[PDB]
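Asks: Residue numbers (PDB author numbering): 9 to 81, 91 to 255.
Built from N, CA and C at the ideal position, the CB exists for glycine as well.
Handing you this structure, nothing more for now.
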């Protein structure tokens, strides 16, 4: 979430892309809300009453990924489960080259192939994928299929990292701090000192919004009082 102009521009882009049936590629670091953007593409589309299915490609080994996406024997895969809806594939760049070619087969031909006896399955799925890799760099290296990229990247949504939305950092920090005050029953958030603000604004936030929420919640809890402003931002609890 947030309100920097670069983020508002993303929301505008998403509102125009959502009604299309074309695949959308989301590029962004961890904690920038890629799955929320994918969900927004679905719910602003004509498919909104259909299924919204997610899969993280990085999480499964190659055989398990293959079966989870395309099914086997019956274990229906994620494409089948997303029929009439939207399938979100996260960490796309980790997909093995076998899975990449099979993904292209389903995209251009619009159907899954069955082992023996079973006829192929036709599927109608809107695809949204996400990564933080440099996919054109991977194409040059031969670790990502050029023909798949020629097809998947109809258009690209680039999510700005928190460090490039500096105006959003104190806005969101205040929001998360207030919510933590409610959780631990403090009567009022007593504010951030200038030292705290320097700490927040100078940090690069590799975990972006998710990390900001955790750091601020921990800091409010450790502070534990409404009697004076929060001075000590605990970035590293280790």
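1. Just the Cα atoms here: how many angstroms apart are residue 10 and residue 192?
2. Which residue or residues does DSSP assign as beta-bridge partners of residue 103?
3. Starting from residue 132 and walking both ways along the alpha helix (DSSP H), at which residues does that stretch end?
4. What are the uninterrupted segments assigned as beta strand (DSSP E) that are 3 or more residues long and contained completely in the segment 30 to 54, given in chain order?
5. Relative to the C-alpha of residue 101, which candidate in 118, 127 and 79 has its C-alpha closest?
6. State yes or no: is the C-beta of residue 184 within less than 7 angstroms of the C-beta of residue 12?
7. When DSSP labels each residue in this structure, what does residue 83 get in the three-state scheme?
8. Spell out the partners DSSP gives residue 209 in its beta bridges.
9. For residue 66 and residue 107, I'd like the C-alpha separation in whole angstroms.
10. Please confirm if the segment 15 to 31 is in contact with the segment 212 to 230, defined as three or more CB-CB distances below 8 angstroms between the two stretches.
Replies: Concretely, from the data shown:
1. Indexing the chain shown from 1 puts residue 10 at position 2. Indexing the chain shown from 1 puts residue 192 at position 175. Using only the alpha carbons, I get a separation of about 10 angstroms.
2. For the purposes of this step, residue 103 is taken as residue 86 along the chain shown, with counting starting at 1. Paired residue(s): 60 and 143.
3. Reading the chain shown from its first residue, position 115 is the one you call residue 132. Careful: residue 132 lies outside any alpha helix (DSSP H) and carries neither H nor E.
4. The segment 30 to 54 is shown to contain whole beta strand (DSSP E) runs of 3 or more residues at 32 to 35, in chain order.
5. Along the chain shown, one-based indexing puts residue 101 at 84. Nearest C-alpha to residue 101: 127.
6. Translated into positions along the chain shown, residue 184 becomes position 167. Translated into positions along the chain shown, residue 12 becomes position 4. For the pair residue 184 and residue 12, the CB atoms are nearer than the 7 angstroms cut-off.
7. Because the chain is numbered 81 and then 91 with no intervening positions, residue 83 cannot be located in this model.
8. As a working note, residue 209 is residue 192 in the chain shown. DSSP output for residue 209 lists 247 as bridge partner(s).
9. As a working note, residue 66 is residue 58 in the chain shown. As a working note, residue 107 is residue 90 in the chain shown. Spanning the two alpha carbons is a distance of roughly 8 angstroms.
10. The segment 15 to 31 makes no contact with the segment 212 to 230; the number of CB pairs closer than 8 angstroms stays below 3.
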